[PDB]
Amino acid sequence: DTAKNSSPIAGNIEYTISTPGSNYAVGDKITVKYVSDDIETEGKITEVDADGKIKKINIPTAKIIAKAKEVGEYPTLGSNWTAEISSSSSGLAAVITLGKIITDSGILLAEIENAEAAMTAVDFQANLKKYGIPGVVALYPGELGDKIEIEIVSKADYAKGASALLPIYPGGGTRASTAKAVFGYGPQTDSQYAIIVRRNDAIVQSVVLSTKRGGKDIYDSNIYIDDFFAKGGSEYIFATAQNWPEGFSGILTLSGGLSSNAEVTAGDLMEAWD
């Protein structure tokens, strides 16, 4: 069929800011209802302009997806579903129109020598910005990449240790940060992020990398994201600094991994056996 690498884009809900309105604020809550009953109440406005016009929002999808599957509307959704901004907000007049649950990861990597071109392609990048997440994906295409989860902690949030409750994307909820428990040494600049890669409850990689060209670890090793990955720094994931949200901390669930039927080996099955 079609090969795809698991990404943080799949699993999100399409949205359009049909009318931006005005006087809204970041943090204003958003409710998604099904046939006029609350399903998800922890959506939020994530970007506004100077006049309070809504620019970006974030809607967690775990409860929406669970319900959609129950009622036979996954992942199309449709006109049974509505989004609204909490009545407590100062804003007015905005209209948010919901679409489907995204199943396309939006990315396929082949040889890591051409991966940066894929990672920085305009369509993929537009979706990273729209959903407010960094571009971190499974290195190899296939369903197995869905089992990779990334935990990312900024310098400011690293200092907080387990007091930092990290939001989980795109599903919702939070989880206490493990970065201070896992690393001896944390981010050294505000361009640096502790990245923990887990597969099947096991940390398979953990490293502090930078979104700033030229930044290095204590051994003068290059830790700028795109370089680190282009040079084969990971056997599990690939990433870009482009549109990495400044100060991002959070947990990324990857999905949408898909194999080309002809390319699957018995080895891939063994590796999936858990």
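One rule holds for the numbers: they count along the sequence shown, beginning at 1.
Taking the PDB entry as given, 85-93 carries the higher mean Cα B factor of the two stretches 85-93 and 130-138. Per the PDB record, of the two stretches 59-67 and 43-51, 43-51 carries the greater mean B-factor over its C-alpha atoms. Comparing the C-alpha B-factors of 189, 154, 103, 80 in the entry, the top value falls on 189.
By the numbers in the PDB entry, the CA B factor is greatest at 200 among 125, 178, 174, 200. In the deposited entry, the Cα temperature factor of residue 266 sits in the top third of values across the chain's modelled residues. Among the modelled residues of its chain, residue 161 has a C-alpha B-factor that falls in the middle third according to the deposited record. When the modelled residues of the chain are ordered by C-alpha B-factor, residue 115 sits in the middle third. Sort the chain's modelled residues by C-alpha temperature factor and residue 204 lands in the middle third, per the entry. Per the PDB record, residue ranking by Cα B-factor puts residue 26 in the middle third of the chain.
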